[PDB]
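Read top to bottom, the protein sequences are chains B and A. Using the authors' numbering, the letters of the first sequence map in sequence onto residues 2 to 312. Using the authors' numbering, the letters of the second sequence map in sequence onto residues 1 to 312. Here a beta-carbon is modelled for each residue, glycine too, at the ideal position from N, C-alpha and C. Heads up: the structure comes next, in structure tokens.
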Amino acid sequence: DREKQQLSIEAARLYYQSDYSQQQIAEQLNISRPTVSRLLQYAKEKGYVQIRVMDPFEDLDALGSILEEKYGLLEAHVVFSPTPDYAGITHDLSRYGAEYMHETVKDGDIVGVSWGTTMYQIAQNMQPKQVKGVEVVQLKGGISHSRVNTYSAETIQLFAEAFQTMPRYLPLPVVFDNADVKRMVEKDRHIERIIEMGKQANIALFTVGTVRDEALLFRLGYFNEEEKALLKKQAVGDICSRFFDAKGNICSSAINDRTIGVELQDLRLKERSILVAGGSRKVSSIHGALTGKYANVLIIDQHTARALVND
Amino acid sequence: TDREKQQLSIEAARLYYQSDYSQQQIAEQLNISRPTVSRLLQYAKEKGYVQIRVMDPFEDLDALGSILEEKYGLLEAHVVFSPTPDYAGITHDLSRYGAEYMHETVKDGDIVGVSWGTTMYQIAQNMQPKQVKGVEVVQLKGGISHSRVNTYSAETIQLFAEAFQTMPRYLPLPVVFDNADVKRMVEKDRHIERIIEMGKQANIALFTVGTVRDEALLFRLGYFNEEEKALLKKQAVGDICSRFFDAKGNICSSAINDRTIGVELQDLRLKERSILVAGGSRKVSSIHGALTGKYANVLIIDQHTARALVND
DNA sequence: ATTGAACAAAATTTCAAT
DNA sequence: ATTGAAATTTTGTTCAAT
């Protein structure tokens with residue numbers, strides 16, 4: 002009684018799993034084209050072919066709402082990434098970072114920047130704007146040397162150009178050998194306004210770093226091999242090379258007190274402190290940072306965002 | 001790459017399908033052109049926004065797989081839909097599934113044996129690159145001096161290697177030696193044996209079954225010297241790795257298969273996953289003899305050939 | 001219930017413009 | 001690149017036709 006059902010199931014499939022024409026189907030079945038159309042209608046009617054309007058948008062909205070409540074943030078943006086490998090996440094996040102900055106930055110904003118290959122990516126997306134009275138400042142200390150390009154210079158430059166301003170560098174190394182040295186530098190007439198502008202910034206954009214032995218800070222030699230072994234133990238991640246713990250506290254003030262850059266606690270004051278991070282290799286650093294309540298805007302992927310809530 | 005267009009596009013697709021609205025109609029509510037609406041719908045399908053699934057009695061597909069999954073004692077049986085019953089049409093579709101399966105299957109530190117074949121090469125091309133490490137990929141099948149079609153042997157194993165962040169282990173030997181003694185002491189050469197041994201160590205194996213007709217050039221390259229060509233034609237049903245067998249999956253002539261190069265057949269049964277991709281209306285006899293020989297424990301086959309199998 | 005020419009409404013897609 | 005207009009198939013739909 003049901004050799005028709007089989008045909009309807011057979012023909013309907015060809016027209017959906019082969020991208021076949023109605024007339025393509027009528028050829029092999031040696032039947033009329035109108036008949037084939039009727040068969041397809043019949044299959045839809047009894048539900049041999051069922052159609053679904055999956056919309057991840059809704060999912061992402063709600064997930065964000067949880068992170069907003071969980072860590073008490075102003076904004077949480079969950080960005081869809083098709084892949085959970087680090088690279089794919091980075092790219093998708095980066096491009097959203099760009100868009101957000103473009104939408105967010107208004108005439109007369111004071112914008113603090115950092116460097117990082119993360120940070121560079123967000124910048125690279127064009128994000129140009131006819132904005133006025135905007136200034137852009139370096140928040141993170143620099144290097145003597147590195148095996149990879151830091152892209153530090155170009156990073157802040159591109160930000161500047163895009164905002165019809167020019168860069169305020171912080172022309173200092175990330176770490177001084179001695180704390181007294183560090184104190185006396187930050188007080189210099191010129192240096193101080195740069196740090197002060199750092200603190201004045203109403204926008205701040207940064208990533209959090211990893212603990213892998215492939216970290217730039219580990220490689221470059223401004224840290225004791227002996228102390229790094231101890232420091233790594235107590236430090237989940239870093240923002241601008243100030244290291245925190247699983248509760249967001251400075252793991253070592255001894256070392257932090259000889260580290261250059263705007264101060265972590267300053268971040269809490271800022272009208273928008275924007276963390277972009279993601280990647281399942283980084284989840285440890287993100288929890289610490291949000292616990293420290295250093296960000297009030299979070300940009301994160303759904304892989305990492307899932308791992309943060311469901312834990 | 002706009003949040004609004006993704007939202008607007010999906011809403012329109014939702015409207016067109018769910019409430020059964022015409023593109024013209026959708027264009028009314030959205031106050032846009034009819035062509036635009038059509039493009040939006042295409043975009044939604046493209047990014048997988050709208051998903052269409054076809055359901056049926058299990059016989060048609062799925063269980064169609066389980067019945068022989070259990071009949072031949074195979075671990076896995078995958079029946080792939082092909083819109084047509086000719087070889088090319090089937091091969092193409094099987095090939096693409098082959099690629100996907102390998103991508104899902106191959107894990108860090110696998111030993112992967114492959115072969116060559118017009119079949120094998122398409123699976124190879126449709127292979128997806130993968131973030132995997134410690135993987136090794138080895139040649140299981142002997143080679144040729146010459147052929148009228150390109151064997152694609154080299155590129156086949158190369159593409160597999162590249163995709164798995166390893167490099168190729170070739171077997172630099174002819175498929176057949178004139179004399180069995182020659183063959184034996186070649187296999188014992190310290191360099192060669194590492195390769196054959198790695199062949200036996202492989203926990204994954206991927207191969208097709210060449211039919212009697214297919215290896216007519218094996219017949220035609222002066223091997224088997226004909227007095228054996230006859231013996232093989234009538235008896236053998238197929239050939240995996242240019243080794244032959246009969247309908248009950250048994251080496252047809254051990255005399256001949258003792259001067260043949262490649263990873264031994266019986267080794268295939270030992271492997272954690274031995275994956276046969278074959279199908280085709282003209283090629284069922286071979287599959288019959290390969291699955292009976294208990295060589296494969298994973299089968300990838302089309303529905304035309306799969307039904308013809310259950311008709312024994 | 002059921003074909004299928006012939007017609008008729010419905011998407012596809014090039015063509016031109018912005 | 002994008003949007004509509006315009007033409008062309010592509011899907012549906014009346015009609016009993018040869």
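With contacts defined as CB atoms closer than 7 Å, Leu-299 (chain B) and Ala-77 (chain B) qualify as a contacting pair. Counting along the chain, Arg-96 (chain A) sits inside the alpha helix (DSSP H) bounded by residues 87-105. In this structure, DSSP gives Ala-290 (chain A) a helical state, which the three-state scheme calls helix. For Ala-296 (chain B), there is no enclosing beta strand (DSSP E), since its DSSP letter is neither H nor E. The alpha helix (DSSP H) runs lying completely inside the region 97-162 of chain A and spanning 4 residues or more are 118-125, given in chain order. Contact check for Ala-161 (chain B) and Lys-130 (chain B): beta-carbon distance about 12 Å, past the 8 Å limit, so the pair fails to qualify.
Assigned with DSSP and collapsed to three states, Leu-171 (chain B) falls in coil, not helix or strand. Counting only unbroken stretches of 4 or more residues, the alpha helix (DSSP H) elements lying wholly within the region 204-260 of chain B are 217-220, 226-235 and 254-257, in sequence order. A distance below 7 Å between beta-carbons, with the five flanking residues on each side excluded, links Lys-233 (chain A) to the following residues of its chain, in chain order: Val-212. For the options A:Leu-8, A:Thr-105, A:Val-149 and A:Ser-147, the alpha carbon positioned closest to that of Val-135 (chain A) is the one of A:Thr-105. In this structure the region 136-143 of chain B touches the region 198-209 of chain B; the number of beta carbon pairs closer than 8 Å is three or more.
Taking every protein chain shown into account, the CB of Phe-245 (chain B) has 16 or more other CB atoms within 10 angstroms, so this residue is buried.
Residues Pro-85, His-304, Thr-305 and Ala-308 of the same chain have their beta carbon placed closer than 7 Å to that of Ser-281 (chain B), with the five preceding and five following residues left out of the count.
Nearest CB-CB separation between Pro-129 (chain A) and chain B: not below the 7 Å threshold. Note on the region 11-60 of chain B: whole beta strand (DSSP E) runs with a minimum of 3 residues are 50-54, in chain order. Residue contact check for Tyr-101 (chain B) against chain A: no CB pair falls below 7 Å. Minimum Cα-Cα distance from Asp-214 (chain B) among the listed residues B:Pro-35, B:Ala-230 and B:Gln-201 corresponds to B:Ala-230. Residues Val-209, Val-237, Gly-238, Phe-245, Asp-246, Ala-247, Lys-248 and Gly-249 of the same chain have their beta carbon placed closer than 8 Å to that of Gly-289 (chain B), with the five preceding and five following residues left out of the count.
A contact between stretches requires three or more CB pairs, one per stretch, nearer than 8 Å, and the region 36-47 of chain B fails this requirement with the region 30-44 of chain A. In this structure the region 146-154 of chain B lies against the region 108-118 of chain B, because at least three pairs of beta carbons, one per stretch, are closer than 8 Å. Burial state of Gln-122 (chain B) is buried, judged by a 10 Å Cβ sphere holding 16 or more other Cβ atoms. Counted as a single uninterrupted DSSP element, the alpha helix (DSSP H) harbouring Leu-309 (chain B) occupies residues 303-310. In chain order, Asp-267 place their CB closer than 6 Å to the CB of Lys-200 (chain B), counting only its own chain and leaving out the 5 sequence neighbours on each side. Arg-169 (chain A) counts as buried, since at least 16 other C-beta atoms from the protein chains shown sit within 10 angstroms of its C-beta. DSSP, reduced to helix, strand and coil, places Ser-274 (chain A) within a strand of the structure shown. Taking every protein chain shown into account, the CB of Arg-194 (chain A) has fewer than 16 other CB atoms within 10 angstroms, so this residue is exposed. For the pair of segments examined, the region 88-101 of chain B was found not to touch the region 58-67 of chain B: the number of CB pairs separated by less than 8 Å stays below three.
Here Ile-26 (chain A) is not near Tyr-17 (chain A), since their CB atoms are 7 Å or more apart.
Using a CB distance cut-off of 7 Å, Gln-51 (chain B) counts as an interface residue toward chain A. Beta-carbon to beta-carbon, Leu-75 (chain B) and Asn-297 (chain B) are separated by about 4 Å, close enough to satisfy the 8 Å threshold.
In the same chain as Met-167 (chain B), and ignoring 5 residues on each side of it, the C-beta atoms closer than 6 Å to its own belong to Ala-161, in chain order.
Distance from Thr-156 (chain B) to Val-114 (chain B) at the Cβ level is roughly 7 Å; contact confirmed, criterion being Cβ atoms closer than 8 Å. Contact annotation, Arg-259 (chain B) with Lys-188 (chain B): C-beta distance approximately 14 Å; criterion of less than 8 Å not satisfied.
In the three-state DSSP reduction, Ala-202 (chain B) falls in the coil class, being neither helix nor strand. The bridge partners DSSP lists for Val-80 (chain A) are A:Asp-302. An exposed status is given to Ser-145 (chain A), since fewer than 16 other beta-carbon atoms sit within 10 Å of its beta-carbon.
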